[PDB]
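Okay, so here's just one chain, in structure tokens, the form deposited in one PDB entry.
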């Protein structure tokens, strides 16, 4: 992954800044990473990153809360995950479109609003890579993938990107995506873009057909000091779930049509040794069940306004954000965060962070099959302290955090319902490092996640307490190898066979993957992967084989 302190991210305050000036822990994944890892799903990308505990249908915890506490953006715009299945729908999003992922841990409601409690994951779909690639893959369980994309300059000012992708995984999960983007520089300072994409996913679990489209248009001003962006988005999905013996109209079939509209205006200016920024946005999500008549459905709206600042004063860096949100269902809620870094000697820094964040129950949690119209907003207070250094070629960081959540919402697989866990306290350690030894590059992370009910002190269920992630990359005789190791430690779950239901500890699981790639020609790269090398049943050993031809 991209581990340079100099790499630019946009996800911390919406505008470009070096990762080294973001005081919260950041991970950047590039399309190169994705391509080398040969990931076939967004989960395969996420599973690799600090704090993320994914077991595959998938149970995901990030820093001790379920994935709904991490806000997912596509190109800076909230991905509608307010459907019946909540954040589980992240797995419907096509890997073909992830060109980069910026992942910043820790609260960021003070910039983005509801849901950014554990972190923010921004799946960026655009990349500067002109030309044409044809890709395809085959693998275990009749896996088939075919992909064409091209990115062409249509004059000095205009760039069009087009992509189509067919993916079929066992009839299992079929997923067809199209994507087009227009990027235009009216002048050197003014730019605009229009991007549209969609996918039709068919899943046999009990048949699901999801048709989704998302359109975004934006204007950007990039001045010497002042930067502004105005973005409007619209996303629409129709989601059919039915028994194929009876079809989509059967009385027990469901159709949920969802829409999300966003208008967002963000500004930033370079001032002193840093920047300040502010922005306002309005967002609305709607859902309508079987009928198509919006009177039959529900909607939630939100208007927020936020302030951000970054300043370097001598060896100190101060960073803050504050936001106030007006939610049509939950009213007004403010959040704020601040961090201070002290580079006490060059290359080494201590960082202390504090922030509040919240999550307002969304349409699915309130009115969907699994929900409850009486859910309260979840509110979080987080403290984190970090030590990072560069030592003898080793880029490292370790932090401790604590997250006190009021009215944390967990989901109970047994009752099939969200429920309010009450007050939860998560205490955690994150360590990361990367370093090279000769031809080997090592990317390592460790997490300890101690999530408890703060009142009774009882561990929260289904969370791995430890996560070890190790990636090993090297190139030898033009073969590029990547070994991935993951350990997800011991978890607690309920044994429902006998009443009273006992809490039982589940074992940790180790999984290994081996990937290799060879540039057959300067245009043709051939890739293979063995996932779950040791065939661990705990979803066993799977192979994949693919090629790309760049024009």
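Rigid core here is just the name for the largest C-alpha set that superposes within 1.5 Å across the two forms. Positions refer to the first chain, counted from 1.
Another form exists, deposited in another entry; not displayed. Remarks below refer to it.
Peer 1: Core aligned, which of 179, 446, 435, 411 has the Cα that shifts 2 angstroms or more between this form and the one not shown?
Peer 2: Correct option: 411.
Peer 1: Aligned on the rigid core, do the two forms place the Cα of residue 365 2 Å or more apart, comparing between this form and the one not shown?
Peer 2: Residue 365: C-alpha displaced by 2 Å or more between this form and the one not shown.
Peer 1: Would you tell me if residue 149 moves between this form and the one not shown by 2 Å or more at its C-alpha, with the rigid core held superposed?
Peer 2: Superposed on the core, residue 149 moves its C-alpha less than 2 Å between this form and the one not shown.
Peer 1: Please determine whether the C-alpha atom of residue 133 is displaced by 2 Å or more between this form and the one not shown following superposition on the rigid core.
Peer 2: Shift of 2 Å or more: no.
Peer 1: Quick one: with a 3 Å or larger change, is the residue 374 to residue 305 CA distance smaller or larger in that other deposited form? Answer closer or farther.
Peer 2: It is closer: the C-alpha separation of residue 374 and residue 305 falls by at least 3 Å in that other deposited form.
Peer 1: Relative to what's shown here, the Cα pair residue 414 and residue 406 differs by 3 Å or more in that other deposited form. Does it come closer or drift farther?
Peer 2: So the answer is closer.
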